[PDB]
């Protein structure tokens, strides 16, 4: 499934922060659930699989050093939720950061 880059959320049932939060339940994983919800993510109930309510972009295997908004920008750069909450300056920063990384680690 392709990522939603329209201004309309793919899962409007999950558009409220309240809604997203309930999906987690007791959360054992290394990334903060409220942080994840704030970044538009709700839990799938399979390991630490989250999905963004707006773009539908899915992310998994959360390391403690990984930020929700950073990972959102990384994999779902076309998400209009992301664009709106963070701004384009932030998204460019994130991209330049990750690309410069993949060329210093590399």
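Residue numbers count along the first chain shown, from 1. Take the two forms, superpose them, and find the largest set of C-alpha atoms that agree within 1.5 Å; that set is the rigid core.
Student: Given a rigid core fit, name the stretch, 22 to 30 or 69 to 77, whose C-alphas are on average farther from the form shown here in 6 other deposited structures of this protein.
Tutor: With the rigid core superposed, the C-alphas that lie farther in 6 other deposited structures of this protein are those of 22 to 30.
Student: Could you check which stretch, 77 to 85 or 40 to 48, carries the larger mean CA temperature factor in the entry?
Tutor: Looking at the recorded C-alpha B-factors, 40 to 48 comes out higher on average.
Student: Out of 25 to 33 and 68 to 76, which stretch has the higher average CA B-factor listed in the record?
Tutor: According to the PDB entry, the answer is 25 to 33.
Student: Is the Cα B-factor recorded for residue 7 in the lowest, middle or highest third of its chain?
Tutor: Ranked within chain, residue 7 CA B lands in the middle tercile.
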